[PDB]
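*Asks:*
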C-alpha cells in the first residue's frame, strides 16, 4: 500500500533550511539586463521572459 | 519653467554590466574517475590442505 508514496531522500540530497535576506538580489538583477516591471522592456514582451524572485515578479529580460 | 512637451526621443541607450568570460570557455575540469579495483600484491596461498 505505501509503495511509491513513502519515498526516501538520496544520500546526497538535502533540504534547504537556511533563511537569508534577499533585499540585494532585485537590484543586482537590474544591474544585469532585467528591466524593472514598471519600465519599458526596450523590446516586445513576446520576445521577453518574466522574472520571478521567490514569488515576486521582478521584471522582464530581453531574450 | 513652463514645462512644455518636448519631441519624441530618437532611441535608447541601456547601460548594464557585462560578465567576464576569460575564465570560462576553458577546457573542462571534471572530477577524476576513481580507479577500478586492482588485485593487491603479495597474495599467496596461505591455506595448505591437511595431511
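Chains as they are written, first to last, in the deposited numbering: chain B, 506 to 568; chain N, 103 to 153.
Beta carbons: idealized from backbone N, C-alpha and C, even for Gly.
1. Look at residue 563/B and residue 534/B and say whether their C-beta atoms are less than 7 Å apart.
2. Closer than 8 Å, Cβ to any Cβ of chain N: which residues of the region 514 to 547 of chain B, in chain order?
3. Can you find a CB in chain B that lies within less than 7 Å of the CB of residue 118/N?
4. Can you tell me whether residue 535/B is helix, strand or coil according to DSSP?
5. Given a threshold of 16 other Cβ atoms within 10 Å of its Cβ, counted over all protein chains shown, does residue 527/B qualify as buried or as exposed?
6. Considering only DSSP beta bridges, list what residue 553/B is partnered with.
7. Check the DSSP bridge columns for residue 540/B and list the partner residues they point to.
8. Within 10 angstroms of its Cβ, does residue 540/B collect 16 or more other Cβ (buried), or is it exposed?
*Replies:* To lay it out plainly:
1. Contact flag set, yes.
2. Those would be 536, 537, 538 and 547, in chain order.
3. Closer than 7 Å to some Cβ of chain B, the Cβ of residue 118/N qualifies, so yes.
4. Residue 535/B: helix per DSSP, three-state reduction.
5. In the assembly as shown, residue 527/B is an exposed residue. Its beta-carbon has fewer than 16 other beta-carbons within 10 Å.
6. Note: residue 553/B sits in a beta bridge opposite 567/B.
7. Residue 540/B is bridged to 565/B.
8. Residue 540/B should be labelled buried.
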